[PDB]
Amino acid sequence: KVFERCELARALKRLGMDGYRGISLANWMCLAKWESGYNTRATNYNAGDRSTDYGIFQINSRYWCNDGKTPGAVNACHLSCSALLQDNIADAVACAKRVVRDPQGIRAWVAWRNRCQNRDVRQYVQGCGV
Ligand code: NA
């Protein structure tokens, strides 16, 4: 599923993402925008280390979910990576919450640093009623 901007903003707020571990909703929106373009089925193979990024937040198979083919990987979210490709984003949100529970927080995603950090991210949530 490819979510529309405000549709996604409203869903995330309902899922308790606004202010989660100090992270505003607009930041989560900026991350989803740059990682997948709000697309839940997005997958990206990293030829360099044999891992794959899954779903709306492009969560990596090396530390977060299990896809069985990634070398020396863990499954911290305790989920099959398939769970991160559903139209229902409940599991992906639960896993994203787990990711930011580590010291790096939202910085764990390089895209966030490149395109969201220190920028005016208000545009991502404007007019959505959140
Ligand atoms: Na894994």
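Easy rule for this one: first residue shown is 1, then count along the chain.
Each residue, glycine too, has its Cβ placed from N, Cα and C.
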If you have Swiss-Prot open, could you say which of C65, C116, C128 makes the disulfide with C81?
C65
Looking at the disulfide bonds in Swiss-Prot, identify which of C30, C77 pairs up with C116.
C30
Of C30, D53, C116, which recorded positions are close to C81 (disulfide bond), meaning a Cα within 10 Å of its Cα?
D53
Annotated recorded positions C6, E35, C77, filtered by Cβ under 6 Å to ligand 1:
none
Using C-alpha atoms, which one of the recorded positions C30, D53, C95, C116 comes nearest to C128 (disulfide bond)?
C30
Can you figure out which of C6, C30, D53, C77, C95 (the recorded positions) comes closest in space to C65 (disulfide bond), comparing Cα atoms?
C77
